[PDB]
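Raw contents of data_17.pdb, PDB, C-alpha atoms and all ligand atoms:
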```pdb
MODEL        1
ATOM      1  CA  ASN A 701     103.862  44.331 112.800
ATOM      2  CA  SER A 702     103.033  45.975 109.473
ATOM      3  CA  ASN A 703      99.344  46.700 108.721
ATOM      4  CA  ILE A 704      99.701  45.746 105.020
ATOM      5  CA  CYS A 705     100.705  42.582 103.181
ATOM      6  CA  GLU A 706     104.461  42.621 102.340
ATOM      7  CA  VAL A 707     103.884  41.042  98.891
ATOM      8  CA  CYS A 708     100.766  42.941  97.556
ATOM      9  CA  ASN A 709     100.729  45.960  99.956
ATOM     10  CA  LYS A 710      97.003  45.782 100.750
ATOM     11  CA  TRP A 711      95.301  45.416 104.089
ATOM     12  CA  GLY A 712      93.053  42.448 104.776
ATOM     13  CA  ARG A 713      93.219  39.210 106.773
ATOM     14  CA  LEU A 714      96.957  39.359 107.595
ATOM     15  CA  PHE A 715      99.149  36.768 109.467
ATOM     16  CA  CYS A 716     101.983  38.431 111.368
ATOM     17  CA  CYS A 717     105.599  37.185 111.541
ATOM     18  CA  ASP A 718     106.671  36.513 115.151
ATOM     19  CA  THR A 719     110.342  37.205 114.360
ATOM     20  CA  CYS A 720     110.125  40.310 112.170
ATOM     21  CA  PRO A 721     107.531  43.032 111.554
ATOM     22  CA  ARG A 722     106.242  41.684 108.158
ATOM     23  CA  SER A 723     102.652  40.441 107.598
ATOM     24  CA  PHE A 724     101.052  38.379 104.842
ATOM     25  CA  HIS A 725      97.799  37.297 103.404
ATOM     26  CA  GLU A 726      97.592  33.529 103.684
ATOM     27  CA  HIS A 727      98.165  32.913  99.998
ATOM     28  CA  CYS A 728     100.558  35.814  99.331
ATOM     29  CA  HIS A 729     103.189  34.145 101.514
ATOM     30  CA  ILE A 730     105.085  31.302  99.814
ATOM     31  CA  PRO A 731     104.622  28.631 101.068
ATOM     32  CA  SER A 732     101.037  29.424 102.184
ATOM     33  CA  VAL A 733     100.958  30.524 105.829
ATOM     34  CA  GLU A 734     100.987  27.441 108.039
ATOM     35  CA  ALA A 735      97.775  26.421 109.977
ATOM     36  CA  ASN A 736      99.128  26.358 113.538
ATOM     37  CA  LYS A 737     102.821  26.942 114.619
ATOM     38  CA  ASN A 738     103.262  29.431 117.489
ATOM     39  CA  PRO A 739     105.551  31.246 117.042
ATOM     40  CA  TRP A 740     105.725  31.505 113.207
ATOM     41  CA  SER A 741     108.580  32.802 111.138
ATOM     42  CA  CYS A 742     108.122  34.162 107.621
ATOM     43  CA  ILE A 743     110.242  33.235 104.648
ATOM     44  CA  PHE A 744     112.339  36.373 104.924
ATOM     45  CA  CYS A 745     113.248  35.141 108.434
ATOM     46  CA  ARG A 746     113.944  31.577 107.319
ATOM     47  CA  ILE A 747     116.245  32.761 104.491
ATOM     48  CA  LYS A 748     118.162  34.984 106.885
ATOM     49  CA  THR A 749     118.597  32.004 109.255
ATOM     50  CA  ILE A 750     120.206  29.829 106.511
ATOM     51  CA  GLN A 751     122.692  32.643 105.766
ATOM     52  CA  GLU A 752     123.524  33.124 109.464
ATOM     53  CA  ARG A 753     124.074  29.349 109.865
ATOM     54  CA  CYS A 754     126.540  29.320 106.959
ATOM     55  CA  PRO A 755     128.115  32.766 106.354
ATOM     56  CA  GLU A 756     130.243  31.156 103.555
ATOM     57  CA  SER A 757     126.915  30.562 101.671
ATOM     58  CA  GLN A 758     127.240  34.197 100.583
ATOM     59  CA  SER A 759     130.651  33.788  98.880
ATOM     60  CA  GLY A 760     130.115  33.903  95.125
ATOM     61  CA  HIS A 761     128.872  30.896  93.067
ATOM     62  CA  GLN A 762     128.786  29.889  89.386
ATOM     63  CA  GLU A 763     125.246  29.845  87.919
ATOM     64  CA  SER A 764     125.976  26.478  86.290
ATOM     65  CA  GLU A 765     126.762  25.010  89.741
ATOM     66  CA  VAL A 766     123.644  26.588  91.238
ATOM     67  CA  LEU A 767     121.260  25.178  88.529
ATOM     68  CA  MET A 768     122.462  21.566  88.918
ATOM     69  CA  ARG A 769     121.732  21.610  92.628
ATOM     70  CA  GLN A 770     119.075  19.212  93.857
ATOM     71  CA  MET A 771     115.870  20.613  95.360
ATOM     72  CA  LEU A 772     116.700  19.660  99.033
ATOM     73  CA  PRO A 773     114.828  21.773 101.629
ATOM     74  CA  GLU A 774     117.189  24.768 101.555
ATOM     75  CA  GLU A 775     117.136  25.053  97.714
ATOM     76  CA  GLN A 776     113.335  24.520  97.787
ATOM     77  CA  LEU A 777     113.018  27.441 100.232
ATOM     78  CA  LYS A 778     115.264  29.658  98.189
ATOM     79  CA  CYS A 779     113.256  29.136  94.999
ATOM     80  CA  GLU A 780     109.992  29.759  97.050
ATOM     81  CA  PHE A 781     111.597  33.130  98.104
ATOM     82  CA  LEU A 782     112.757  34.044  94.614
ATOM     83  CA  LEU A 783     109.193  33.388  93.443
ATOM     84  CA  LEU A 784     107.898  35.457  96.286
ATOM     85  CA  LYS A 785     110.111  38.379  95.349
ATOM     86  CA  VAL A 786     108.745  38.394  91.792
ATOM     87  CA  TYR A 787     105.141  38.534  93.084
ATOM     88  CA  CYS A 788     106.217  41.562  95.259
ATOM     89  CA  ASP A 789     106.400  43.598  92.049
ATOM     90  CA  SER A 790     103.022  44.888  91.032
ATOM     91  CA  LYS A 791     103.879  44.163  87.361
ATOM     92  CA  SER A 792     103.841  40.464  88.238
ATOM     93  CA  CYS A 793     100.079  40.742  87.871
ATOM     94  CA  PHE A 794     100.586  40.436  84.058
ATOM     95  CA  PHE A 795     102.348  37.028  84.516
ATOM     96  CA  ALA A 796     100.346  35.489  87.345
ATOM     97  CA  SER A 797      97.526  33.602  85.774
ATOM     98  CA  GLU A 798      97.234  31.526  82.636
ATOM     99  CA  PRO A 799      97.491  33.665  79.518
ATOM    100  CA  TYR A 800      96.022  33.287  76.092
ATOM    101  CA  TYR A 801      97.079  34.313  72.769
ATOM    102  CA  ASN A 802      95.100  35.882  69.933
ATOM    103  CA  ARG A 803      96.943  38.660  68.179
ATOM    104  CA  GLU A 804      97.108  39.343  64.426
ATOM    105  CA  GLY A 805     100.532  38.351  63.153
ATOM    106  CA  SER A 806     101.590  36.393  66.221
ATOM    107  CA  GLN A 807     101.509  32.768  67.064
ATOM    108  CA  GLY A 808     101.244  31.737  70.715
ATOM    109  CA  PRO A 809     104.120  29.918  72.521
ATOM    110  CA  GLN A 810     104.677  26.188  72.256
ATOM    111  CA  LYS A 811     104.908  25.932  76.033
ATOM    112  CA  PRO A 812     102.932  28.520  77.938
ATOM    113  CA  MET A 813     103.934  29.275  81.514
ATOM    114  CA  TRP A 814     102.794  31.553  84.256
ATOM    115  CA  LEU A 815     103.683  32.316  87.834
ATOM    116  CA  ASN A 816     100.747  30.470  89.520
ATOM    117  CA  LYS A 817     101.699  27.357  87.605
ATOM    118  CA  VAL A 818     105.293  27.738  88.838
ATOM    119  CA  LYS A 819     103.765  28.221  92.368
ATOM    120  CA  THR A 820     101.789  25.004  92.106
ATOM    121  CA  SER A 821     104.820  23.129  90.763
ATOM    122  CA  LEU A 822     106.871  24.129  93.770
ATOM    123  CA  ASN A 823     104.126  23.268  96.134
ATOM    124  CA  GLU A 824     103.631  19.768  94.713
ATOM    125  CA  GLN A 825     107.476  19.211  94.683
ATOM    126  CA  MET A 826     107.662  18.738  90.934
ATOM    127  CA  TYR A 827     111.134  20.260  90.525
ATOM    128  CA  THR A 828     114.098  17.939  91.358
ATOM    129  CA  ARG A 829     116.822  20.542  90.501
ATOM    130  CA  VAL A 830     116.975  24.347  90.683
ATOM    131  CA  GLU A 831     117.381  24.210  86.923
ATOM    132  CA  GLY A 832     113.685  23.181  86.533
ATOM    133  CA  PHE A 833     112.366  26.094  88.567
ATOM    134  CA  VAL A 834     114.685  28.624  86.853
ATOM    135  CA  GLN A 835     113.839  27.354  83.309
ATOM    136  CA  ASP A 836     110.092  27.816  83.838
ATOM    137  CA  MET A 837     110.629  31.235  85.412
ATOM    138  CA  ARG A 838     112.651  32.369  82.396
ATOM    139  CA  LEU A 839     110.241  30.772  79.957
ATOM    140  CA  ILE A 840     107.498  33.199  81.166
ATOM    141  CA  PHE A 841     109.433  36.208  80.080
ATOM    142  CA  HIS A 842     110.805  34.647  76.974
ATOM    143  CA  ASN A 843     107.296  33.697  75.772
ATOM    144  CA  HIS A 844     106.247  37.272  76.449
ATOM    145  CA  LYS A 845     109.071  38.848  74.419
ATOM    146  CA  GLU A 846     108.522  36.500  71.512
ATOM    147  CA  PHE A 847     104.739  37.113  71.362
ATOM    148  CA  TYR A 848     104.523  40.868  71.793
ATOM    149  CA  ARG A 849     107.389  41.441  69.317
ATOM    150  CA  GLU A 850     107.728  45.188  68.580
ATOM    151  CA  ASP A 851     104.762  46.245  70.688
ATOM    152  CA  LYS A 852     105.932  48.364  73.559
ATOM    153  CA  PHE A 853     104.148  45.960  75.925
ATOM    154  CA  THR A 854     107.232  43.692  75.520
ATOM    155  CA  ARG A 855     108.894  45.978  78.032
ATOM    156  CA  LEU A 856     106.885  44.547  80.908
ATOM    157  CA  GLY A 857     108.580  41.188  80.207
ATOM    158  CA  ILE A 858     112.044  42.799  80.315
ATOM    159  CA  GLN A 859     111.174  44.568  83.553
ATOM    160  CA  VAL A 860     109.803  41.718  85.441
ATOM    161  CA  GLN A 861     112.681  39.468  84.136
ATOM    162  CA  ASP A 862     115.173  42.024  85.534
ATOM    163  CA  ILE A 863     113.530  41.640  88.925
ATOM    164  CA  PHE A 864     113.795  37.859  88.662
ATOM    165  CA  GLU A 865     117.476  37.886  87.642
ATOM    166  CA  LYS A 866     118.689  40.385  90.292
ATOM    167  CA  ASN A 867     116.887  38.436  92.965
ATOM    168  CA  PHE A 868     118.186  35.069  91.701
ATOM    169  CA  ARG A 869     121.833  36.404  91.771
ATOM    170  CA  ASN A 870     121.229  37.704  95.322
ATOM    171  CA  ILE A 871     119.487  34.727  96.862
ATOM    172  CA  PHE A 872     121.836  32.187  95.320
ATOM    173  CA  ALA A 873     124.964  34.356  95.774
ATOM    174  CA  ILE A 874     126.077  34.309  92.174
ATOM    175  CA  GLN A 875     129.611  35.675  91.759
ATOM    176  CA  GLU A 876     129.506  39.308  90.739
ATOM    177  CA  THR A 877     130.848  40.103  87.232
ATOM    178  CA  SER A 878     131.331  43.097  84.855
TER     179      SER A 878
HETATM  180 ZN    ZN B 901      98.933  40.085  99.959
HETATM  181 ZN    ZN B 902     109.778  37.481 109.419
HETATM  182 ZN    ZN B 903     129.045  26.754 108.530
ENDMDL
END
```

Could the structure of this file be written out as structure tokens, please?
Amino acid sequence: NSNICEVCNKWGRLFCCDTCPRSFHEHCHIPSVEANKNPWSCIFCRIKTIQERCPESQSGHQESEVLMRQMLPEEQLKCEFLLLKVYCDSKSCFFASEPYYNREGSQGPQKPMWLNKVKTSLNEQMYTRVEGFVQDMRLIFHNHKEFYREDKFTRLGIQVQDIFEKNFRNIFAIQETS
């Protein structure tokens, strides 16, 4: 197994995957690493297993179809992985915890959103469709772009949103387009 956390890349109290070499802090893994279970498979392993069980799940899809899907256990997992992949980027640290807004010439967003809030929402099963998860994810970056305006700090929003969108297309097998 790896000696660092796959998500944050630090050492510490790590839990090791029994089916691949990745390791996780308890709360870096989404969902949080499970109390017992021997062996234990990580979320990278569980996502691979869905794909292997239905190779046609990697033929292309329409985003509109994807969003209307109900949050049954496989869609739930896939959003928990998408979220995980965003937290793998160190720049996710700017979007993790609840923000606040006090900048001359800007008003704060009507509906603030942050990654830990999206994490809690998933955990408490508050999304019924993929749509709900993907709207909040996108809201994070949109709020950021609107608030920081012409400041160069807006670019962090663009960057982390590009990580979200590439990963969403991949995980949900969106049909490739030019
Ligand atoms: Zn970690
Ligand atoms: Zn694994
Ligand atoms: Zn099949």

Decode the PyMOL selection byres (((chain A and resi 829) around 7) and not hetatm) for the given file into explicit residues and return them as a ChimeraX atom specification.
-> /A:767-771,827-828,830-832

Can you tell me which residues sit at most 9 Å away from ligand ZN 903 (chain B), counting only C-alpha atoms and all ligand atoms, written as a ChimeraX atom specification?
-> /A:752-757

Could you expand the PyMOL selection byres (((chain A and resi 872) around 8) and not hetatm) into the explicit residues it covers here, written as a ChimeraX atom specification?
-> /A:758,761,766,778,868-871,873-874

Can you translate the PyMOL selection byres (((chain A and resi 804-808) around 10) and not hetatm) into the concrete residues it hits in this file, as a JSON list (two decimals) with C-alpha atoms, in the frame of the given file?
```
[["chain", "number", "residue", "atom", "x", "y", "z"],
["A", 799, "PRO", "CA", 97.49, 33.66, 79.52],
["A", 800, "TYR", "CA", 96.02, 33.29, 76.09],
["A", 801, "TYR", "CA", 97.08, 34.31, 72.77],
["A", 802, "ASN", "CA", 95.10, 35.88, 69.93],
["A", 803, "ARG", "CA", 96.94, 38.66, 68.18],
["A", 809, "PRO", "CA", 104.12, 29.92, 72.52],
["A", 810, "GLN", "CA", 104.68, 26.19, 72.26],
["A", 811, "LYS", "CA", 104.91, 25.93, 76.03],
["A", 812, "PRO", "CA", 102.93, 28.52, 77.94],
["A", 843, "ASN", "CA", 107.30, 33.70, 75.77],
["A", 844, "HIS", "CA", 106.25, 37.27, 76.45],
["A", 846, "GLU", "CA", 108.52, 36.50, 71.51],
["A", 847, "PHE", "CA", 104.74, 37.11, 71.36],
["A", 848, "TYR", "CA", 104.52, 40.87, 71.79],
["A", 849, "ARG", "CA", 107.39, 41.44, 69.32]]
```

Of A:821, A:776, A:764, A:702, the one nearest to ligand ZN 902 (chain B) when counting only C-alpha atoms and all ligand atoms is A:702

Can you tell me which residues come within 10 Å of ligand ZN 901 (chain B) when counting all atoms listed in the file, ideally as JSON, numbers by chain?
-> {"A": [704, 705, 706, 707, 708, 709, 710, 711, 712, 713, 714, 723, 724, 725, 726, 727, 728, 729, 787, 788]}

Please provide the set of residues having any atom within 10 Å of segment 731-746 of chain A, restricted to all atoms listed in the file, with same-chain residues fewer than 5 positions apart removed, written as a list in words.
->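 Counting all atoms listed in the file, the residues come to residues 714, 715, 716, 717, 718, 719, 720, 721, 722, 723, 724, 725, 726, 751, 752, 774, 777, 778, 780, 781, 784, 819, 822 and 823 of chain A.
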
Name the residues in contact with residue 858 of chain A at a cut-off of 10 Å, using all atoms listed in the file, excluding same-chain residues fewer than 5 positions from it; report them as a PyMOL selection string.
-> chain A and resi 841-842+844-845+853+863-864
